[PDB]
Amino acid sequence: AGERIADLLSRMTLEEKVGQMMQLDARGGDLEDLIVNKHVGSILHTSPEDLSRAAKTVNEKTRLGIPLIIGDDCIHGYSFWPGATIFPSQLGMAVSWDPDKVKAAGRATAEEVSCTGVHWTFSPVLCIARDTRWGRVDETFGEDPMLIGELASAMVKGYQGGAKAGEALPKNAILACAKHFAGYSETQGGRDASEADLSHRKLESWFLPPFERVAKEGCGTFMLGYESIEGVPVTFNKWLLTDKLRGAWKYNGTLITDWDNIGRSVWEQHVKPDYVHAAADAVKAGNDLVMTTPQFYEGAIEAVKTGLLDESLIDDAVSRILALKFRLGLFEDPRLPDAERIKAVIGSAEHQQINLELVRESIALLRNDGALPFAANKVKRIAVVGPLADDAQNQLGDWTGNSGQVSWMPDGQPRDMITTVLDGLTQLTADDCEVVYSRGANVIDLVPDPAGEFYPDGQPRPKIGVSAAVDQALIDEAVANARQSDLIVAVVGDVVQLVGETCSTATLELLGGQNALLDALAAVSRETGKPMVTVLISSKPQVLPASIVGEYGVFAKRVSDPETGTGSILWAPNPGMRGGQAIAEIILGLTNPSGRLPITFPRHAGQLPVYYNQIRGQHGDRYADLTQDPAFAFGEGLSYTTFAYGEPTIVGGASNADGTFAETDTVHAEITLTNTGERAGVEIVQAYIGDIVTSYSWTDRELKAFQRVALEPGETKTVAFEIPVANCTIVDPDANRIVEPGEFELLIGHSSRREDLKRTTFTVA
């Protein structure tokens, strides 16, 4: 009850086995008294007004006063807090390739969260966007393990204020959570929790590296994934939990299952016969906290009383959980909400500035047909058209109220200052040149659920969004507006009903009348010469009409080429509260774009998979009906200037004489970059390593380094890279990551496309 050494938490001697259900984390709320009179150890989804009462109920109505560990989903900012700073999604953040600003966003988020009673965020997401059909692509940092590792490492440091494994969590910091460990992101058909046919070798190859990095850097907690991997759900997966996480990585953080993993193993996966055996196997597998599985309670108790489960294992789990709670000082200070600090830091002008500076880089200029940027004073009227041009809530995207996961913010984040594209462009960022909005099209029509208007409990079944019908009236109005304007700004994308859990998409196409809208607008632009720009605000890459990207035949033109299709192309994944202002600034030349793609755009769903790091061995390089050239490749993106690369050169680091490089050495390389245009810009220099010959089939190149490089007009910089030879690895059939002697190529340049890369070589022996 006082400061003796934490080892004497062995005074767990008082917990009845009934109370050793400190392992449960239950959905609030809100009947905290019942939930806390249940010997629960954690609660999630606690409403802002009720975070005050939790620790009060602990201190005043419980036998032992064991403080709660309180967590919630603060996914890209304090998602479900009204008025908090809502940053871009993780995918949008990854467009920036800026670890420092992602870390700043994590620090600001933790600053806002740590003064409200929440100790813990279920973030960052380390899943890898390997299948564009997956509904949660917006939550990832893209399709590359290295980039995911860099950004996730930065954001864990931002959340936890630099605290490592075993240290005091600062008052303005929160616990980070690595999810979803592991392999949740490449399942059959891109479906939500379908089967993952991911061997140990493939998991180690493309899924584990970022998890291993943040685990060895002291990420506070880990969340176990939904899906069954090779017949075994992660909750019971010994190789992932024992051999990798606790074993090879020596991870000492706390684990928690995803939403009702144990129950789903029974009723959804048909893997466990009942909740008794499911609970027993979950405890035997080394689980710590159990999220939203009530039947685990009676499941574990009976499992012990029937001799199926040794109670000492439960004692060890409670020991780990209580170790986490004592480490955070919760027994002395449960970190109650701070009204003054809530008024002072949540939504502060400083956090708004951090959000703006991040989102200014979170937008990718994919094509410039020559008309960008537009000059304000040279025009008099701009047609802002498209259902995403003034949709604030869907601009924020999934995992931000009212996205659906909670209900205490039914109107979403306050409209008072979400900056939409209409608000920013240019109804804020230029004088009285007219800015006329036209909806142009609908995205989805809401139709009654075909299985009845009510659930069996009398509650009404919500309507289902389907691809909206084409409304020719909105197209005609949008066309008239465009013809009466000097510029056409089309804003299209998806909505939350098309994103997230259980909401994978198969076609990847824009729904509703958006394709017809873009067709008509492109027709007007071609006919009259009016400049046009298509702004895509979507949770993930989308298939655009041929009028915009060109036909995808057996042979097809490079989509980013200025003469392909009609108009310019900008991508802004889910740019947060300040996204419209940054989009406006880029369109008007106030801000130079500096985003690059962290994920590949497919031309068609049948092109999948389209990630840049393909495995060698294919016979041919085309489908008989579709080019294998993606619409936009990993690393693509443009500025408002031009850059010239010199040739890359190895400058040192090799210790053999020779040789030339040994496994413990580090490759030092240099390449010149020159701003050959008329305005300053930022080029994201990308460094890829390719193992020319491998004993086991592998990809031909992998991202290993990158740098955001700023250049004034005419300025040249020497970009220098340090790549450890220990990072130039492949994986063997037994999932061992090894450095293999032989020849390696180093490709440095503009994108993952080999035509955008300059090449040198080095040898490892």
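Start at 1 with the first residue shown and count on from there.
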According to the deposited model, is the average Cα temperature factor higher in 400-408 or in 300-308? 300-308
Looking only at C-alpha temperature factors in the entry, 656-664 or 258-266, the higher average sits in 656-664
Given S194, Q295, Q618, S123, the residue at which the Cα B factor reaches its maximum: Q295
Name the one of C728, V731, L34, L703 with the greatest CA B-factor according to the PDB entry. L34
Using the B-factor values recorded in the entry, state whether the Cα atom of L44 falls in the lowest, middle or highest third among the modelled residues of its chain. middle
Against its chain's modelled residues, does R578's Cα B factor rank lowest, middle or highest third? middle
Entry-reported C-alpha B-factor of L588 relative to its chain, by third, is highest
Could you tell me which third, lowest, middle or highest, the C-alpha B-factor of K38 occupies within its chain? highest
Using the B-factor values recorded in the entry, state whether the Cα atom of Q707 falls in the lowest, middle or highest third among the modelled residues of its chain. middle
